[PDB]
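In: sequence? don't have it. structure:
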RNA sequence: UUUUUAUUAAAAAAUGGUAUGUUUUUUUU
RNA sequence: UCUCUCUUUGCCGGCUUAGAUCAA
């Protein structure tokens, strides 16, 4: 991460670890290899929170651009 | 009131600029051990000379 | 060239420039005084000019403190000065004055510095020279420059935007006037 | 994507932009400001006029700036919650700032960055952090009192007094008015201050002021002598002293800037004190550096002294040698000023001591940060060298003791030699045999018997018990890993315990309040029956001494191996293996790295001069040490290759074909860069499996920098004599000079030159220096070596030759055969000039010519204020001249890759882009020169045909109005001057203008035409005979041809080499006519003339005097 | 004081210890009205060594006018004249060789043609007089006469030390001639007489009227001098082409030619390094070929005055004949 | 050509003079004058263009086809430096400067000097090789320790000089800096 | 005790050097 | 209850190597 990390979430159905930071990008660390595999890019400013849907394979992020 | 820059002219009188500092909170005192140290140096210096 | 004796006009321009600029822009301040360098301006401000300096007469308490400290730390006036409260030059001058006064009273009931001439005074610690009635012509011009300097403000290139607005106002007024005369 | 953007639009709105290492700071600031806005909006309760965010943000910015400048930042009217939040966020920002500083400095030290901006930013951060730490240290010193106790100060003063009275030291007096040598000391100080500058125009206000003061001193010196003495007597407070750090990319050197007049006074006091101390014998021989030897000779003397100790190498009865190198860890920082003043009062007059003590208590200021130096020692003063030298003679007395110091130094009237004793009884009476102090590093040599060593280890293990045998886990901190093991220290338990015991004892010898010894800086190397070789590191050299007793192995006596003799038996007893320490290799690497990124490295000549200076400074210090080090050789190859790569990059092409070694290594007067070379050598290799564990024979050679073709660029080391031969020659020459001086004194004859002509430039203090013009002034300049070493704390420019001075030592290196050898190696002057554009200038011979350094126009604009673009172009001018000079080889035709494009209105064919060469060639042809030249040549041809207007083929002759662009089009060429014959002739195959046995009776032809084409030849293909042959055989035989006659004549001109030729069918009369007329033409055209003169103007290559 | 160098035709202002007579005069200067004291800043032992009386100006000036005077009286051999102090022989031969190359003296050392005698009759130097005497062949005597009057009278421009210097430049800004200072002076003189001799105009233009009046007297007396030889003085060039005036000047300043060097200095025809004075307009114009009149030499640089540009082919055609 | 407005220079000598302006603009042009553009616009051609003239030779029509001359193909810089570079002839200046015909002149003067005669002006010409004084007094003896008095391309006129820029190949000062003998006692 | 073999590269754009901003009407009653 | 005046009256561009340098 380039800047401060603001949210972590260990997926209970996948071997992943999603993270987000004030550096405007969301990452998906693969815990079987300890390397970033996915990047989620659309955000106009820093991201302050991150959560995972308990059932669906969908994650939700909220940030400084007044948009979740 | 900053000691470095201001975008406009905005002249500030010297008293206000002086009042914006922490100089008073920082004490200026010297340890007691200097008094015995220097005197010892002065004592032996005279003793060796005599 | 550069230097001199810090006439009163220079000192007051220095005070005004410090008021308008701050204590961390000595290069910009020295641009006002063409005969002085930023180091000289800083030395004078921190040795004679800034209001924190106590120019009053020496009390007995601080005098005994000065004697005690000068006994404790031989030389080392730059560190004795903050404790005593005066500047280093003031403390050293007061110490020498006390020693000379004691020698004078020594003579009533009864050379190393003598073999050479008197100590040339430091330029930044001497009192400002009182101004004459007609301060030459160069000092007048530098005072005028400083006067225009202190009330400039408005940045540097902000004089373009307002000028373009005034020109646009004149052009539109002329256009409306031509429409009206038609 | 291109078509979508074309038919749709930008769709700029609603797109995100990733942070890309340049927006990092400006985005972190935005996030911090947003967070502070949220905190403000929260902690302020309801209905309290929330519109107060901007002022708190201003307070936060001011608090951050105050933190950076180390200012308290107490705001009186600020509420407590706001103040606490601001403090918290400022601490967060400060911690981020410091972490980034650490990361960037580590990266810079490794070498992973080449930014100038990053290096400067990190230098600023390091300066700020160090100054904060130093201010805290001084404040703590004032709070906690004098760290040195009263008892320690009394003991130190008593020992120094006893030592000084034992050697009957006569205290230095204040210099009287009637002092004979004042003018000489003054001029010496003034010269040392002038040596810092040049006649360049970059002098700022302070530099110009000090130069003017120096000039005023030269015009009339005596009133300034009076002023200097008066200031010494009366002045006790001084101006502020600027402070800044000089980046070595591995450590930072503190550089102090002092006021000019105070600098004059300090320099005079320095000279006077060093002359008086040397005249009165204050420093007892073992303090270093000294005027006697350079550092390499000091290493040699240490090796010889170690070898010459009595029974030094014998290990039968359990005797052990410990040679402990160490440095006094933080010893300049712990020099108590009052104790220093009391000590300095012992050596000299009270006035001088007081002046020197008060000069060290100054106000150090960097930018907006300032503090009062009241505890440390300021190394930027001109006399700080002397002040440190006698404060470090105190520590020598503490370490050795008065009796051992007296034994080592000997009687004051008859002092001992450097590393010798009066007799063996006193030499062997103490474990300490040898001792020296190089500024702050201490080298001691211990000679223990069995009982002494056993008792020492038992004492050490009493107080530091070692049940787990952990004393051997971390002993050599990778210090001596350069040597192959079995040449390192074998970590036997007894030897390791002995070394650690010696370190423990010596460290306990010194009080902790003024200095300390760190184990990470100390390495005691033991010689015993277990390990045979002593190892130590003096200055930049790593030395390994292996006595002949313990060798039991045969190795080739390299040039980098010193043979140590024994004066008792006059035979060699040990061999010392010399190599460059890892710190020296890093220093050279960092020096090259800081050469590459610098303001002046824009011009090729400047960077070549920088490379030459760095290379000479390296290879004259470690003469043969740098040869025995295989790591330094590959570093030299790498750094020379990257120096060349800088020049290659500046011309926007780093192809190796474009840059033969003649471009870089040819001497300056021939138009090259004049680069000294050492990366052009083979690097020895041996099997890597046994390279780390034993010294195996050199079985393979890995090539160094490759030279395309067969070229042998001379090595620089082969023109520098190795240190050992210089030392042997010095001893022999000085002994014979002493003998001849004695034979001159026994009679009344005056010793003269042409009597020492054989040993003229020989001896480390060169014999030249005896008959020197200014040897009388130099006879008073003393302590110059320590002063030159300490000059690193006063000037921001690195002194490469810090270890020597040409006035006192003489020119120790004489590299003049390198020029002639590198001229021969490249193929001679003719072979070098075939690459350049010398022929196009039309100059008759090379001997008379000379280059003009500046065009005068440059001299006009060297002070005027110019925009950055104008300064860049003015700097590019010499690069453009250089590129034009080497045009034939840089714009060659045998290139690996490159689009072949023709310059418009011109026949020059460009491979690649190379903007510098293109713009130079455009300037050379700034008007329509190519086509004008073609028309002028054909015009002069028609005139000379008008002369001979009555000949064969005179029935018709006409030169057609050709297509304009027929000069600069080689795809096809239209006709030229036409000839048709009135009768029939017999001609044969066309031939050149060189053959007289030419048959012309094979075929029967009637008509011919003559045409001329212009060629700008390059280095690879310039033989005009083949060019004209092929052009004729291609153009005439071509199925499409706008030449009326089936056969004719084609002639060519090589503009770059001003040659010419022809090929065509010949009719008697025409061939001799063109032979006689072409030569007259080629020296007569206005067009060729103006082309030659404009080329000469561009090259700035003028004729003879 | 001033010392002139014949080998280089330069003049320098050098410091010299005073003579004994000068010291006595300075001591006696004080004490006219009441008793006075002198404090000479040296020792009597220093006084014991200086030479008694300063050497004569006949021994410290240019003898070319002197040789013209004697040759006009009819003295073939210069050694026959009763000099009080013998002048330097090397100076006499230098002046005579200069006069020979000027054409006033023949191979035998006698006055050449009416030219030599007419030059002898002229008060001015032979160099300036040659242009005046040859101007009759070209019908442009008037402007060369004005040039000579300006040169002999002195500097016709006044340079204040205060801010009016910028005003002076602006006052001069109307009359900057591309061809050098000499034609600028000609234009200034023409408009000066064309401005009714108005003294307020001279104040406004910062022009020295006294020098212009003296030039008027000089030109009137030289008009009488030419009329002594029955030479008309109504000859003016009706065309703007100043080239033939420049031919006459190059005939008058044959020795004083120089061409620009790359270093910013100029190479005299005699291989001398000289520097242009800052006063001249063509200070940085980088004119390829230049012609000057007077040379004043300082401790480092030799400065030339009265700068005027020239063309190479005029010089080439003049030297070949 | 109005020489442009000359008031811009005023005083303010070299090290404060703004920058040279070709067209009252702060720019450089020419490859060897510091500009990043040479020719018309980084090109050889010109604004109008350039065409050859008609050619015709018939032993009487080529007579109208004259030769080529120096000036017709050069430009303003080329002619300027052609004027600058013309230096030759000289002769007479070198003969009588620095005596020959002057010896005949001395024959006219009836020199008959035998032993030559000199004047105190020549002692002042010796003063040309003595001093100009250095602001000192008459009796000031001064001091002797305080008196003082290869090629290739250039490093750049703004890159200055230093220890870096000297000749590594040195063979000067053969004997002029060295004494021929030294007192031993 | 006879013989060896080992071969990096490599050019284009923007920074970077003729800034930029301005600029013409068909209805009144 | 008007008019005027005074006084009380809580009060409504950022970042970095101070960005970097500076003699008529």
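Out: Alright, I've got the coordinates. Numbers count the residues shown, from 1 in each chain, chains lettered A, B, ... in the order given.
In: Please make it C-alpha for all contacts and neighbour counts, starting now.
Out: Fine.
In: Please compute how far the longest helix anywhere in chain D lies from its chain's middle.
Out: The residue-count maximum for a helix in chain D (DSSP state H) belongs to helix D:80-110. The chain centroid and the centroid of helix D:80-110 are separated by 35 Å, computed with CA atoms, centre = their mean, to the nearest Å.
In: That one packs against which elements?
Out: On a contact count with 3 or more CA pairs under 8 Å, 6 or more residues apart in numbering or on different chains; DSSP states H and E, helix D:80-110 meets helix D:53-68, helix D:116-144.
In: Name the residues of the last one that are buried.
Out: Which is helix D:116-144. Neighbour counts over helix D:116-144 (16 or more other CA atoms under 10 Å in any protein chain shown) mark D:119, D:122-129, D:131-132, D:134-135, D:137-139, D:141-142 as buried.
In: go on, the shortest one?
Out: When burial is assessed from 16+ other CA under 10 Å, helix D:53-68 yields the following buried residues: D:53, D:56-57, D:59-68.
In: Serialize those residues to a markdown table and add fields for distance to RNA strand G.
Out: Formatted as a markdown table, the buried residues of helix D:53-68 follow (distance: CA to the nearest atom of the strand, whole Å):
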| residue | distance to RNA strand G |
| --- | --- |
| D:53 | 34 |
| D:56 | 35 |
| D:57 | 32 |
| D:59 | 35 |
| D:60 | 33 |
| D:61 | 30 |
| D:62 | 32 |
| D:63 | 34 |
| D:64 | 30 |
| D:65 | 29 |
| D:66 | 33 |
| D:67 | 33 |
| D:68 | 30 |
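In: What is the most widely separated pair among the residues you listed?
Out: Using CA to CA, these span at most 22.8 Å, a distance reached by D:53 and D:68.
In: Mind giving me the packing neighbours of the helix or strand containing residue E:303?
Out: Secondary-structure assignment from DSSP states H and E places residue E:303 in strand E:302-305. Judged by 3+ CA pairs under 8 Å, 6+ apart, strand E:302-305 is in contact with strand E:273-276, strand E:294-297.
In: what about the longest helix in chain E?
Out: Counting residues, the longest helix in chain E under DSSP H turns out to be helix E:209-228.
In: helices or strands up against that helix?
Out: So helix E:209-228, by 3+ CA pairs under 8 Å, 6+ apart, packs with helix E:141-153.
In: Near residue C:42, how many residues? Count them for me, please.
Out: 21 (other CA atoms under 10 Å in any protein chain shown).
In: I'd like to check which residues are in contact with the residue lying closest to residue E:37 once chain neighbours are set aside.
Out: Using CA to CA, 6 or more residues apart in numbering or on different chains and skipping residues adjacent in sequence, the residue nearest residue E:37 is residue E:30, 7.1 Å away. Contacts for residue E:30 (CA atoms under 8 Å, 6 or more residues apart in numbering or on different chains) come out as E:36-38.
In: can you redo the residues you listed as TSV with neighbour count and distance to residue D:496?
Out: Shown next, in TSV, are these (neighbours: other CA atoms under 10 Å in any protein chain shown; distance: CA to CA, whole Å):
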residue	neighbour count	distance to residue D:496
E:36	11	94
E:37	9	91
E:38	11	88
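In: Tell me the one of those residues nearest residue D:728?
Out: Nearest member of the contacts of residue E:30 to residue D:728, counting by CA to CA, is residue E:38, at 70.5 Å.
In: Test my guess that that closest one contacts residue E:25.
Out: No - if you go by CA atoms under 8 Å, residue E:38 and residue E:25 don't touch, sitting 11.1 Å apart.
In: Spit out the contact partners of residue D:609.
Out: Per CA under 8 Å, 6+ apart, neighbours of residue D:609: D:675, F:164-165.
In: does the one residue in chain A that gets nearest to chain D count as helix, strand or coil?
Out: At 5.5 Å from chain D, residue A:44 is the closest residue in chain A, using CA to the nearest CA. Following DSSP: H, G, I helix; E, B strand; the rest coil, residue A:44 is assigned to coil.
In: so it touches residue A:22, yeah?
Out: No - look at residue A:44 against residue A:22 with CA under 8 Å: they stay out of range, at 10.7 Å.
In: who's more crowded, those two?
Out: Each of residue A:44 and residue A:22 has its neighbours counted (other CA under 10 Å); residue A:22 has more, 24 against 18.
In: now that one: how far from residue E:112?
Out: 102 Å (CA to CA, to the nearest Å).
In: any residue of whatever helix or strand residue C:141 lives in up close to RNA strand H?
Out: In this assignment (DSSP H and E), residue C:141 forms part of helix C:138-150. No - figure legend: helix C:138-150 not in contact with RNA strand H (CA under 7 Å from any atom of the strand); closest approach 11.1 Å.
In: list the helices and strands that helix packs on?
Out: By 3+ CA pairs under 8 Å, 6+ apart, helix C:138-150 packs against helix C:8-21.
In: Please work out which residues outside the very next helix or strand once past the helix it packs on touch it.
Out: Later in the chain than helix C:8-21, the nearest helix or strand by DSSP H and E is helix C:26-30. For helix C:26-30, contacts defined as CA under 8 Å, 6+ apart pick out C:14, C:17-18, C:21, C:36-39, C:41-42.
In: hey, which helix is longest across chain B?
Out: helix B:33-49.
In: just the angle between it and helix D:116-144, please?
Out: Taking axes from the mean of the first three to the mean of the last three CA atoms, to 10 degrees, helix B:33-49 and helix D:116-144 form an angle of 80 degrees between their directions.
In: and helix B:33-49 with chain C, contact?
Out: Yes - residues of helix B:33-49 contacting chain C under CA under 8 Å from any CA of the partner chain: B:34-35, B:38-39.
In: and the two most separated of those?
Out: B:34 and B:39 (8.4 Å).
In: So which of those two has more stuff around it?
Out: residue B:34 (21 against 14).
In: The more buried one: what's it in contact with?
Out: C:72-73, D:145-146.
In: Tell me the one among these nearest to chain E.
Out: Closest to chain E, out of all of these and judged by CA to the nearest CA, is residue C:73, at 48.3 Å.
In: neighbours around that closest one, how many?
Out: Other residues close to residue C:73 by other CA under 10 Å number 19.
In: I'd assumed residue D:338 was in contact with it.
Out: Yes - with contact defined as CA under 8 Å, residue C:73 and residue D:338 form a contacting pair (6.2 Å).
In: joint contacts of the two?
Out: With CA under 8 Å, 6+ apart, residue C:73 and residue D:338 have common neighbours residue B:38.
In: For residue F:15, see how far away the residue of the stretch 151-300 of chain E found nearest chain B is.
Out: Here the residue of the stretch 151-300 of chain E nearest chain B is residue E:163; by CA to the nearest CA that distance is 31.9 Å. Using CA to CA, residue E:163 is found at 21 Å from residue F:15.
In: Which one's more surrounded, these two?
Out: Set residue E:163 next to residue F:15 and count neighbours by other CA under 10 Å: residue F:15 wins out with 13 against 8.
In: Check whether that one really touches residue D:863, as I assumed.
Out: Yes - the criterion here is CA under 8 Å, and residue F:15 meets it with residue D:863 at 4.4 Å.
In: Flag every residue of the stretch 101-250 of chain E that's near chain D.
Out: Counting by CA under 8 Å from any CA, no residue of the stretch 101-250 of chain E is near chain D.
In: Okay then, goodbye and thanks.
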